[PDB]
Structure formats: structure tokens, C-alpha cells
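Undergrad: The structure under discussion is supplied below as C-alpha cells; questions concerning it will follow.
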Amino acid sequence: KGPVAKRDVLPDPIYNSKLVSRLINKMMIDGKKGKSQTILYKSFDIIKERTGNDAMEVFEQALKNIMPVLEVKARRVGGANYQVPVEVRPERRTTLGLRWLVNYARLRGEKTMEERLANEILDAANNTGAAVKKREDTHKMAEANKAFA
Amino acid sequence: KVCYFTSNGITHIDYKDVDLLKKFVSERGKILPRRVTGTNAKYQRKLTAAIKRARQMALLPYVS
Amino acid sequence: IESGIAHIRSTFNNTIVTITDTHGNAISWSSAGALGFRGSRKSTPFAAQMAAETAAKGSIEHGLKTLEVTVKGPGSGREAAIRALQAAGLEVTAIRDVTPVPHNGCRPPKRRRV
RNA sequence: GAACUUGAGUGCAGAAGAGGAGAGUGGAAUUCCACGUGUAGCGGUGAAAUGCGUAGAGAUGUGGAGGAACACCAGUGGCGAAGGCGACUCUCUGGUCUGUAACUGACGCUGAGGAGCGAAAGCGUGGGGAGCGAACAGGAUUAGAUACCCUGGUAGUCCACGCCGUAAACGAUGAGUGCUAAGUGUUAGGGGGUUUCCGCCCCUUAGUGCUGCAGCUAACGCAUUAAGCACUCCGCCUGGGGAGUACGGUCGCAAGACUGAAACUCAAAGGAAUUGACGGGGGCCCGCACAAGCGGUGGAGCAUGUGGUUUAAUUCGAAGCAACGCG
């Protein structure tokens with residue numbers, strides 16, 4: 001079998017980043033990159049406006065707050081259901097951060113996902129936020145089950 | 001291995017030889033088996049009899 | 001005091017560590033269940049590490065610094081508890097691996113699946 | 001009737017052995033007890049709970065009591081007819097093996113019936129009770145759980161004597177003897193070729209393992225420790241069930257043991273080995289199989305197909321995957 005790897009497209013016409021196009025490919029509903037690019041640039045323009053910074057640094061700061069160090073996988077021996085803590089390799093750190101941004105942004109509920117994703121980035125920047133519930137709860141699950149490694 | 005008692009020609013092991021028995025007894029206090037000390041069957045039997053009698057006169061330990 | 005002996009008793013459920021005084025006077029004690037783990041997590045060597053940490057914290061009041069650790073009971077948490085006494089500010093000099101060995105003695109209770 | 005010494009045994013000399021019986025002693029540990037340390041748990045499980053615990057437990061130090069088995073030696077090692085026998089010492093005592101040459105000179109072997117020994121459980125009497133532990137109680141799992149799991153715990157396990165006299169009491173292989181390739185460990189001897197030795201080699205016993213030739217066998221395998229080739233003696237089998245039953249008898253405090261059918265019933269029961277399939281057996285591998293994800297179905301409305309039911313007919317065909325927007 002063995003591991004297979006994938007690719008992704010380098011630029012964005014505003015905000016020339018790899019990972020911002022990685023978020024563009026994320027949150028795509030039904031094969032519509034156009035709607036996700038419009039939502040994304042209107043959200044990052046809100047993040048540039050409402051806080052007087054470039055939204056790249058706010059976005060990476062939010063990522064740094066969300067990216068979990070420790071997943072806790074499963075290892076069932078007998079009838080035990082043990083969970084085993086896993087040091088996450090940083091690709092999965094970035095992709096779990098992007099899933100949690102996208103999922104809890106559209107799960108929040110405001111008068112566009114422009115505003116929802118923008119306010120979720122603004123909350124994950126000033127660390128208290130909705131995806132950071134998942135960050136904290138995964139680190140608490142790894143902290144309690146640290147006896148197995 | 002090689003036997004000790006065949007080498008020095010010595011017969012009945014004579015419990016009074018506390019230093020020789022102290023050589024055969026292990027570090028914790030146990031008797032070392034025949035594949036460690038290299039003796040015969042007969043000489044290992046007389047060795048273990050010797051060590052048990054010398055234990056009952058406190059010439060040899062039980063536990064250390 | 002400055003010197004004492006650390007009795008670790010790690011059995012298949014619990015790893016109880018009591019740091020006592022040389023003619024047997026317990027300065028402080030903590031178990032794997034005393035730390036809070038109630039389930040099967042009592043058996044993990046992390047709880048033995050935590051129990052050695054708490055016993056080390058309790059021992060350094062009126063105090064003591066250089067231990068002499070006696071491993072008792074057939075378990076798992078002996079190595080982590082010896083290492084965790086070192087990393088909690090104490091010194092572990094001798095290691096007496098003394099589990100109570102009967103020669104022949106009493107007969108054990110029956111094997112389990114029968 | 002007379003001789004002989006090989007078979008058998010005595011004599012002398014060693015050697016090894018948990019061979020047995022009686023008495024005495026030891027060291028761990030388990031439990032219990034008292035005191036010091038000290039505080040909130042302990043214990044246990046797949047998960048928990050009953051239990052133990054602030055009235056001070058679990059841990060720990062010292063001391064004491066009591067019972068039972070004797071770690072390491074320990075080994076397809078030893079001994080015994082078998083059961084069996086593992087600390088040590090003494091008292092008495094059984095057998096074996098080795099070297100012969102001193103003796104006897106066939107004195108030998110087997111053995112129905114008889115006599116004895118005879119694991120464990122059980123029985124009687126008196127003690128004993130630490131651990132374990134039927135029965136029994138509580139908690140769990142569970143549809144049920146008179147079970148497995150956990151916490152307790154009676155008889156018993158222990159000792160003295162008496163009874164029972166049974167086991168997969170097994171090497172599933174009666175005892176004796178002779179003959180019939182080897183290799184190799186090992187247990188206890190003996191002897192040789194150099195070395196006083198150490199040690200190596202060789203030879204020979206008696207015991208004990210494995211691999212192996214002829215031979216045997218249905219095959220697996222055994223093979224000088226035979227399941228080979230022979231002789232002696234004994235026990236036992238003559239299809240499965242009924243049935244080790246019933247009756248009678250002997251023994252037994254009892255439980256039961258031994259001896260032991262028939263009516264009836266079946267055309268099989270069975271052994272060893274092959275090919276498959278299966279395993280809540282092991283290994284290795286692979287598939288959107290699992291995981292990692294994305295979107296759904298199951299909820300609502302309708303389309304469509306199928307089961308039931310109503311029918312005059314609701315035409316017939318498909319029915320787990322592999323029928324059900326199928327012909």
C-alpha cells in the first residue's frame with residue numbers, strides 16, 4: 001500500500017499564500033470555488049478593516065492557537081477502549097486547524113459566513129473562541145490519558 | 001565447564017570449608033546451578049547438602 | 001531528617017509508595033488511588049511516577065534528601081518511581097529489589113479461568 | 001543316583017540414592033495479635049460492586065503465637081513393586097549397582113485362590129485450623145446464571161489410630177529370559193593407553209533420554225528401555241447399547257467396592273490416516289473492507305418498486321448478500 005501524497009496551488013491574487021488557497025479548496029460546497037473565494041476575500045477584508053492589521057498575521061495567529069499538538073487515537077485491547085495520545089505531524093496540525101475554523105465558523109450563526117468566518121478568526125486570534133474549545137478539549141483528553149503514549 | 005573437585009582431587013566437601021562454599025554460593029545467597037559452577041552431578045549433590053547443613057549452623061546465609 | 005528509605009509496593013492494581021525513616025517511621029505516604037485515579041488507571045506506571053512525585057513533595061518538609069529505595073511487589077511502576085524520585089529533587093542511592101518470596105509456604109488461591 | 005558352574009543366592013569390598021518408619025531442629029512468607037509512624041483510602045475487575053477503613057485501615061519497624069510446604073539444588077537427575085518420595089540431623093531398617101573370585105550348586109521363574117501395600121475424595125473417634133477451599137451468603141456478568149469473575153467462608157486439606165480400597169492407579173505397553181545395526185547425551189561403578197595429577201581417548205557394566213537399520217504394524221510409530229524374532233507363566237477380549245445395570249453372594253459404620261447377566265435393541269460403534277471446510281486458533285497478505293475524510297440514506301414531502309390487505313381481477317416471473325426505479 002504505502003503512503004501517497006498530494007498537491008495544492010501556490011498563489012492567491014490578493015494575499016499570496018499557499019494555505020489561504022488551502023482554505024479556498026476547503027469550505028467549497030458542491031464544487032464552487034467562486035463562492036468560497038468571494039466569502040474568503042470579503043472576510044479577510046473585514047479582518048483588515050475591523051482590526052487595523054494585515055489579515056495574514058491575524059489568520060496565522062488564529063491558526064497557531066487552533067493547531068493541536070496532540071491527537072488521541074484509539075487502541076482497543078480486550079474490553080478496554082484505551083485512547084493513545086499521538087504527536088500530530090504538522091501537516092495534520094494545519095489541516096485540523098482549517099477544518100475547525102471552517103466548521104465552527106459556519107456553525108456559529110451570523111448574517112453571512114463572511115461575518116461568521118471573520119469573527120471566528122477574530123476570536124481564535126484573541127485565543128478564546130469556538131474552535132479553541134476543540135483545541136482545549138483535545139489537549140485535556142491527551143493530558144488525562146498521557147499514561148500510554 | 002570444568003569440575004573443581006575433580007581438579008583438586010578433593011572428596012567429601014567438609015562443611016567447615018566455609019570460604020569454598022562461599023565461592024559456590026551466589027551473590028544473593030542462592031546455590032548456583034551445575035551449569036554455572038561446572039561440577040559433577042555427585043559433587044553438586046554433596047555441595048548442596050553441604051550448603052544446607054552450613055546454613056543450619058549459620059556458616060552460610062539464607063537471604064542477602 | 002536527611003536520610004530515609006523509600007518503600008515502593010507495586011502490585012497489579014496499585015503502586016503504593018511510602019517514604020519512611022530508617023527504623024520504619026513514615027514521613028509521608030501517597031498511593032496511585034490517593035492521587036485521584038480510580039479505575040484501571042491505578043495500574044499505569046504514570047500513576048506510580050505521580051505517586052513518587054507526591055511522596056517526594058511530602059518527604060521534603062521536616063525533610064529528607066537522600067533516599068534508599070526498596071522495590072516490593074510484582075508490578076510495573078518500579079522504574080518510573082525510581083526515576084521520579086530523582087527528578088523531584090531527591091537522590092536514589094541503593095535499589096533493593098525485595099519482593100516477598102516465599103520458599104514453599106502457603107498455597108496460592110486458584111487460577112482464574114477454572 | 002553322581003558331578004559341573006553359566007542361572008540364582010551367600011561372602012568380601014566399595015558407590016549412589018527425595019527407598020521407608022520414629023523423633024528433633026531451622027529460614028522466608030501468609031494470617032493473627034500489641035505498640036510506634038500517619039492519614040484516606042484499601043481491595044478487586046473486561047467494567048464495577050459487595051466488602052475492609054478516621055472506632056485509624058492499606059504501607060512500615062520490632063516482637064510474639066500458630067499451622068503447612070520445604071525456594072536455590074532441580075536435571076527426559078535418582079530411588080521404590082506401584083501409589084509415590086524433594087530442608088536438615090540422628091535412631092532402626094528394605095533394595096539396587098559395580099569389582100571379582102571365596103562359597104552353595106539349578107536351590108530358579110510365573111503364579112488362579114489367599115495375604116499385604118494402595119493417590120485423592122469420603123467415613124468414625126479425639127485434636128488442629130494459618131493459607132486454600134466444596135457446600136453456603138452477598139455483589140456482578142447474564143434473557144436466565146443453582147456457573148465462570150469478585151468479596152466472605154463450613155466440612156475438608158493437617159496429625160494419631162481404625163475403616164473404604166477406588167483413579168486417564170498411564171509407558172493407555174504384565175513378569176521372566178535369550179538373540180537382533182548404529183549414533184548420542186546422561187546417572188552410578190569399573191578397567192586400559194601417556195600423565196602422580198589435571199584431563200582426553202578407548203573399553204565394559206547396570207540404569208536412564210532422543211534420533212535412527214533390519215524386522216514388525218492398518219497407519220501413527222516402536223526399534224537392545226521393542227510394538228522385532230522366540231520360549232514359560234498369568235490376567236484379559238470376542239459388535240455398540242442395555243450395563244458395570246438387575247438378582248444373588250462376599251466385604252463395608254455408611255458411601256459403595258468386587259463378581260456379574262438377560263429380555264430387549266442397532267447394523268453399525270470404532271481406530272489410524274487423507275482431502276476439504278470451519279475455529280470466539282496462530283502467521284502472512286489483499287480489496288473504499290477498517291481507519292483518515294467528504295457527502296448521504298434512516299426524519300419530511302412526493303416519484304418508483306416490493307411485501308401484507310382489499311378485491312371481479314389487483315396477470316405472471318425475482319426473494320439475504322446475489323429479490324425490491326428488477327423482466
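In the C-alpha cells, chains take the letters A, B, ... in the order shown, each chain's residues start at 1, and ligands count up from 1 in the order shown.
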Name all residues at most 6 Å from region 89-104 of chain C (count only C-alpha atoms (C1' of nucleotides); drop same-chain ones fewer than 2 positions away) and give them as a PyMOL selection string.
TA: (chain C and resi 65-73+85-87) or (chain D and resi 28-29+69+71)
Undergrad: Contacts from chain A to chain D, 9 Å maximum, only C-alpha atoms (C1' of nucleotides): show me the residue list as a PyMOL selection string.
TA: chain A and resi 78-80
Undergrad: May I have the selected residues written with C-alpha atoms, as a PDB file, in the first residue's frame?
TA:
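As a result, part_33.pdb now contains:
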```pdb
ATOM      1  CA  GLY A  78      -9.739  -6.591  25.228  1.00  0.00           C
ATOM      2  CA  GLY A  79     -12.719  -4.641  26.515  1.00  0.00           C
ATOM      3  CA  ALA A  80     -10.693  -1.589  27.468  1.00  0.00           C
TER       4      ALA A  80
END
```
Undergrad: Just the residues within 9 Å of residue 33 (chain B), please, counting only C-alpha atoms (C1' of nucleotides), with nothing from its chain fewer than 4 positions along; format it as a list in words.
TA: residues 37, 38 and 44 of chain B; 72, 73 and 74 of chain D
Undergrad: When you get a sec, could you note down which chain A residues fall within 9 Å of chain C, using only C-alpha atoms, as a PyMOL selection string?
TA: chain A and resi 145-148
Undergrad: If you count only C-alpha atoms (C1' of nucleotides), which residues fall within 12 Å of residue 109 (chain A), apart from same-chain ones fewer than 4 positions away, as number ranges by chain?
TA: A: 103-105, 113-120, 130
Undergrad: I need the residues of chain C that end up classed as helix (DSSP H, G or I) by DSSP on the backbone, written out as a compact mmCIF listing (two decimals) with N, CA, C and O atoms, in the first residue's frame.
TA:
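Generated output (selection.txt):
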```txt
# COMPACT_ATOMS: atom_id res chain seq x y z
N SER C 40 -8.84 1.49 36.18
CA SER C 40 -7.68 0.65 35.91
C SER C 40 -6.43 1.49 35.74
O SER C 40 -5.31 0.96 35.69
N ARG C 41 -6.60 2.81 35.67
CA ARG C 41 -5.50 3.75 35.51
C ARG C 41 -4.56 3.74 36.71
O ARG C 41 -3.42 4.23 36.61
N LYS C 42 -5.02 3.23 37.85
CA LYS C 42 -4.20 2.89 39.02
C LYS C 42 -3.00 2.02 38.69
O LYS C 42 -1.95 2.14 39.32
N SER C 43 -3.14 1.13 37.70
CA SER C 43 -2.07 0.22 37.30
C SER C 43 -1.01 0.83 36.39
O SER C 43 0.04 0.21 36.21
N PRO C 45 2.09 2.99 34.88
CA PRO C 45 3.33 3.46 35.54
C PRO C 45 3.41 4.97 35.66
O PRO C 45 4.25 5.48 36.43
N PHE C 46 2.54 5.70 34.96
CA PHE C 46 2.44 7.14 35.14
C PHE C 46 1.89 7.48 36.51
O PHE C 46 2.30 8.47 37.12
N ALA C 47 0.96 6.67 37.01
CA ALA C 47 0.44 6.91 38.35
C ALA C 47 1.50 6.60 39.38
O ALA C 47 1.55 7.23 40.44
N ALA C 48 2.38 5.63 39.09
CA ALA C 48 3.48 5.35 40.00
C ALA C 48 4.49 6.49 39.99
O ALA C 48 5.04 6.85 41.04
N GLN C 49 4.73 7.07 38.81
CA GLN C 49 5.54 8.29 38.70
C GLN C 49 4.94 9.43 39.51
O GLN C 49 5.65 10.12 40.25
N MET C 50 3.62 9.64 39.37
CA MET C 50 2.94 10.70 40.10
C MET C 50 2.98 10.46 41.60
O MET C 50 3.12 11.40 42.39
N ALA C 51 2.84 9.19 42.01
CA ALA C 51 2.87 8.84 43.42
C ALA C 51 4.25 9.04 44.01
O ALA C 51 4.38 9.49 45.15
N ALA C 52 5.30 8.75 43.23
CA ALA C 52 6.65 9.05 43.70
C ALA C 52 6.88 10.56 43.78
O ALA C 52 7.57 11.03 44.70
N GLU C 53 6.29 11.32 42.86
CA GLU C 53 6.39 12.78 42.92
C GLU C 53 5.72 13.34 44.17
O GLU C 53 6.28 14.20 44.85
N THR C 54 4.52 12.85 44.48
CA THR C 54 3.80 13.34 45.65
C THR C 54 4.47 12.89 46.95
O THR C 54 4.50 13.66 47.93
N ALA C 55 5.00 11.67 46.98
CA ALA C 55 5.74 11.22 48.16
C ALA C 55 7.02 12.02 48.33
O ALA C 55 7.45 12.27 49.47
N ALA C 56 7.65 12.42 47.23
CA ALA C 56 8.85 13.24 47.31
C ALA C 56 8.53 14.65 47.81
O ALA C 56 9.31 15.24 48.56
N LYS C 57 7.41 15.21 47.36
CA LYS C 57 6.96 16.52 47.85
C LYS C 57 6.64 16.47 49.34
O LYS C 57 7.00 17.38 50.09
N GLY C 58 5.95 15.42 49.77
CA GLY C 58 5.64 15.26 51.18
C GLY C 58 6.84 14.99 52.06
O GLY C 58 6.88 15.41 53.22
N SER C 59 7.83 14.26 51.53
CA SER C 59 9.03 13.95 52.31
C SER C 59 9.90 15.17 52.58
O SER C 59 10.46 15.31 53.67
N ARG C 78 8.10 0.39 38.94
CA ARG C 78 9.31 0.50 39.74
C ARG C 78 10.31 1.48 39.11
O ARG C 78 10.90 2.32 39.81
N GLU C 79 10.44 1.45 37.78
CA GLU C 79 11.48 2.23 37.10
C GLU C 79 11.11 3.70 37.05
O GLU C 79 11.95 4.58 37.30
N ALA C 80 9.84 3.99 36.77
CA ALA C 80 9.37 5.37 36.75
C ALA C 80 9.39 5.98 38.13
O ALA C 80 9.67 7.17 38.28
N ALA C 81 9.16 5.17 39.17
CA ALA C 81 9.16 5.73 40.51
C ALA C 81 10.57 5.98 41.01
O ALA C 81 10.80 6.94 41.74
N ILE C 82 11.53 5.12 40.64
CA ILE C 82 12.93 5.42 40.96
C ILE C 82 13.41 6.67 40.22
O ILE C 82 14.05 7.55 40.81
N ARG C 83 13.08 6.78 38.94
CA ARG C 83 13.45 7.96 38.15
C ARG C 83 12.76 9.24 38.63
O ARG C 83 13.34 10.32 38.57
N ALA C 84 11.52 9.13 39.13
CA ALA C 84 10.78 10.33 39.50
C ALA C 84 11.16 10.83 40.89
O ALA C 84 10.91 11.99 41.22
N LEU C 85 11.76 9.96 41.71
CA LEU C 85 12.36 10.45 42.95
C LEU C 85 13.59 11.29 42.66
O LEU C 85 13.90 12.22 43.40
N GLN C 86 14.31 10.96 41.58
CA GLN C 86 15.48 11.74 41.20
C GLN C 86 15.05 13.11 40.68
O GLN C 86 15.61 14.14 41.09
N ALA C 87 14.07 13.15 39.79
CA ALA C 87 13.68 14.37 39.10
C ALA C 87 12.84 15.30 39.98
O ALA C 87 12.52 16.41 39.57
```
Undergrad: Show which residues sit within 6 Å of region 11-20 of chain C, as a VMD selection string. Count only C-alpha atoms (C1' of nucleotides), and ignore same-chain residues fewer than 4 positions away.
TA: chain C and resid 4 to 7 24 to 29 31 to 32 42 to 43 48 73 to 75
Undergrad: Suppose we keep C-alpha atoms; can you now write the selection as a tab-separated table (two decimals), in the first residue's frame?
TA:
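Generated file (out-v7.tsv):
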```
chain	number	residue	atom	x	y	z
C	4	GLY	CA	15.30	7.79	54.77
C	5	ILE	CA	14.19	4.69	52.88
C	6	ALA	CA	11.57	4.61	50.14
C	7	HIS	CA	9.26	1.58	50.21
C	24	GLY	CA	10.49	2.44	59.91
C	25	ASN	CA	8.69	5.72	60.61
C	26	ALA	CA	6.60	7.05	57.74
C	27	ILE	CA	7.22	10.68	56.89
C	28	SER	CA	4.63	10.84	54.12
C	29	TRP	CA	2.64	8.37	52.03
C	31	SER	CA	-0.79	5.87	46.57
C	32	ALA	CA	-1.94	5.72	42.97
C	42	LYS	CA	-4.20	2.89	39.02
C	43	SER	CA	-2.07	0.22	37.30
C	48	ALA	CA	3.48	5.35	40.00
C	73	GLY	CA	5.55	-6.40	44.96
C	74	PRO	CA	5.33	-7.64	41.36
C	75	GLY	CA	4.19	-4.76	39.20
```
Undergrad: May I have the residues of chain D within 10 Å of chain B, counting only C-alpha atoms (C1' of nucleotides), written as a list in words?
TA: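 Contact residues on the first chain: residues 16, 25, 26, 27, 28, 71, 72, 73, 74, 75, 77, 87, 88, 89, 187, 188, 197, 198 and 199 of chain D.
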Undergrad: For residue 96 (chain A), list every protein, DNA or RNA residue within 10 Å, evaluated using only C-alpha atoms (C1' of nucleotides), and leave out those in the same chain fewer than 4 positions away; present the list as number ranges by chain.
TA: A: 63, 66-68, 71, 88, 90-92, 100-102, 131, 135
Undergrad: Mind checking which residues fall within 12 Å of residue 51 (chain A), counting only C-alpha atoms (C1' of nucleotides), ignoring those fewer than 4 positions away in the same chain, and posting them as a VMD selection string?
TA: chain A and resid 44 to 47 55 to 59 118 to 119 121 to 123 125 to 126
Undergrad: Save out the residues we just selected, N, CA, C and O atoms, as a compact mmCIF listing (two decimals), in the first residue's frame.
TA:
```
# COMPACT_ATOMS: atom_id res chain seq x y z
N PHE A 44 -11.58 38.40 4.85
CA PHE A 44 -10.26 38.93 5.18
C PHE A 44 -10.21 40.45 5.04
O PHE A 44 -9.44 41.12 5.73
N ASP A 45 -11.08 41.02 4.20
CA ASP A 45 -11.15 42.47 4.16
C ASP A 45 -11.84 43.02 5.40
O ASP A 45 -11.45 44.09 5.90
N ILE A 46 -12.81 42.29 5.96
CA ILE A 46 -13.36 42.66 7.27
C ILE A 46 -12.31 42.54 8.37
O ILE A 46 -12.24 43.37 9.28
N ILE A 47 -11.44 41.53 8.29
CA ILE A 47 -10.41 41.36 9.32
C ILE A 47 -9.33 42.43 9.19
O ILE A 47 -8.76 42.89 10.19
N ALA A 55 -4.40 40.82 7.44
CA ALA A 55 -5.20 39.71 7.96
C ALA A 55 -4.42 38.41 7.87
O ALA A 55 -4.87 37.38 8.39
N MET A 56 -3.28 38.44 7.18
CA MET A 56 -2.37 37.30 7.17
C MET A 56 -1.90 36.97 8.57
O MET A 56 -1.96 35.82 9.00
N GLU A 57 -1.44 37.98 9.31
CA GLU A 57 -0.85 37.73 10.61
C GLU A 57 -1.90 37.35 11.64
O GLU A 57 -1.66 36.48 12.48
N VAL A 58 -3.09 37.95 11.54
CA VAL A 58 -4.20 37.56 12.40
C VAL A 58 -4.62 36.14 12.09
O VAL A 58 -4.91 35.34 13.00
N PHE A 59 -4.61 35.77 10.81
CA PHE A 59 -5.01 34.44 10.40
C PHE A 59 -4.00 33.37 10.84
O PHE A 59 -4.40 32.32 11.36
N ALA A 118 -15.01 35.61 9.70
CA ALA A 118 -14.22 36.74 10.16
C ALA A 118 -14.22 36.82 11.68
O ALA A 118 -13.17 37.00 12.30
N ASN A 119 -15.39 36.66 12.30
CA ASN A 119 -15.47 36.76 13.75
C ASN A 119 -14.87 35.52 14.40
O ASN A 119 -14.35 35.60 15.52
N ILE A 121 -12.17 33.98 13.15
CA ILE A 121 -10.74 34.30 13.12
C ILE A 121 -10.40 35.33 14.19
O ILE A 121 -9.37 35.22 14.87
N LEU A 122 -11.28 36.31 14.41
CA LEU A 122 -11.03 37.33 15.43
C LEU A 122 -11.12 36.75 16.84
O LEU A 122 -10.47 37.25 17.76
N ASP A 123 -11.89 35.67 17.01
CA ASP A 123 -11.94 35.02 18.31
C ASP A 123 -10.76 34.08 18.50
O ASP A 123 -10.23 33.96 19.60
N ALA A 125 -7.91 34.46 17.24
CA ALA A 125 -6.75 35.32 17.42
C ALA A 125 -6.56 35.64 18.89
O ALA A 125 -5.55 35.26 19.50
N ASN A 126 -7.54 36.30 19.49
CA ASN A 126 -7.59 36.52 20.92
C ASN A 126 -8.18 35.30 21.60
O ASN A 126 -9.37 35.29 21.91
```
Undergrad: Using only C-alpha atoms (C1' of nucleotides), which of D:30, D:238, D:50, D:204 sits nearest chain C?
TA: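 For chain C, the nearest of the given residues is D:30.
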Undergrad: Check every residue of chain D for an atom within 10 Å of chain C, counting only C-alpha atoms (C1' of nucleotides), and provide those that qualify as number ranges by chain.
TA: D: 27-31, 36-45, 47-48, 58-62, 67-72, 130-133, 148-149
Undergrad: Quick one, how far is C1' of residue 8 (chain D) from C1' of residue 206 (chain D)?
TA: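 About the pair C1' of residue 8 (chain D) and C1' of residue 206 (chain D): they are 17.7 Å apart.
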Undergrad: Please identify which residues in chain C DSSP calls strand (DSSP E or B) from the backbone, and express them as a PyMOL selection string.
TA: chain C and resi 3+5-10+15-21+25-30+66-72+91-97
Undergrad: Report, in Å with one decimal, the straight-line distance from CA of residue 16 (chain B) to CA of residue 1 (chain B).
TA: 25.5 Å
